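Asks: Have a look at this fold, sequence not included:
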Ligand code: MNR
């Protein structure tokens, strides 16, 4: 797990996200979609978005970004005690949305990129280490649920 110090770093970084949840959410999804276009195909509501301009101009994409990061923030603030919060997410993503764990790796990487991009020089080595651990933990706990379900 993460140490108390590490959790404190994670939630300190998360302060940045909470000052502009929609802006961070939007940039994360744009980073995901642009770098990994196959991921767009998992969203019937975003498949029409043929350019990054269209993405940036989509109010509904920003709205979804807010839903996404609010859910992740809820999870993070549990500091690893997130079984109740994580289980239904794991299950909807495997069973309904059919999201391979690879795409969760992609979005983890996107969050790290976006934090650097929006806060250059203000996302230190220790912070990146802590946030990365927290995201791997999220990812790994989801992967356990995927295995249970036999979802690939
Ligand atoms: C590559 C694609 C996917 C990735 C990566 C991804 C990563 C993440 C993620 C990681 C930080 C969090 C937190 C996250 C959280 C959500 N997510 Mn998710 N998600 N996610 C979807 C694709 C993806 N998610 C799709 C598709 C829906 C349904 C969208 C619609 O309303 O049409 C959805 C829906 C949701 C919903 C709405 C409730 C539900 O359906 O369970 C939440 C909350």
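Replies: Alright, I've got the coordinates. Residues are numbered from 1 along each chain as shown.
Asks: All the helices of this protein, residue numbers only.
Replies: 4-18, 21-35, 37-40, 52-57, 59-76, 83-91, 101-118, 125-149 (DSSP state H).
Asks: Single out the most deeply packed of these.
Replies: Sort the helices of the chain by mean neighbour count, taking mean count of other CB atoms under 10 Å, and helix 21-35 sits at the top with a mean of 20. C-betas here are computed from N, CA, C, even on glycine.
Asks: Who are the packing partners of it?
Replies: helix 37-40, helix 52-57, helix 59-76, helix 101-118 (3 or more CB pairs under 8 Å, 6 or more residues apart in numbering; DSSP states H and E).
Asks: what comes into contact with the first one?
Replies: This means helix 37-40. 32, 33, 46, 47, 49, 103, 106 (CB atoms under 8 Å, 6 or more residues apart in numbering).
Asks: Can I get those residues in JSON lines including distance to residue 7?
Replies: Output for the contacts of helix 37-40, formatted as JSON lines (distance: CB to CB, whole Å):
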{"residue": "32", "distance to residue 7": "25"}
{"residue": "33", "distance to residue 7": "30"}
{"residue": "46", "distance to residue 7": "33"}
{"residue": "47", "distance to residue 7": "38"}
{"residue": "49", "distance to residue 7": "36"}
{"residue": "103", "distance to residue 7": "26"}
{"residue": "106", "distance to residue 7": "24"}
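Asks: The ligand: which of those residues is nearest?
Replies: residue 103 (3.7 Å; CB to the nearest ligand atom).
Asks: Return the distance of the closest residue in space to that closest one that isn't next to it in sequence relative to the ligand.
Replies: Nearest residue to residue 103, sequence neighbours excluded (CB to CB, 6 or more residues apart in numbering): residue 39, at 5.4 Å. Distance, residue 39 to the ligand, using CB to the nearest ligand atom, to the nearest Å: 4 Å.
Asks: same thing with residue 36?
Replies: With CB to the nearest ligand atom as the criterion, residue 36 and the ligand are 8 Å apart.
Asks: is it true that that residue touches residue 100?
Replies: No. Under the criterion of CB atoms under 8 Å, residue 36 is not in contact with residue 100, lying 11.0 Å apart.
Asks: Near the ligand, which residues of this structure? Just list them.
Replies: When proximity is defined by CB under 6 Å from any ligand atom, the chain lies next to the ligand at 39, 42-43, 45, 67-68, 71-72, 89, 92-93, 97, 99, 103-104, 107.
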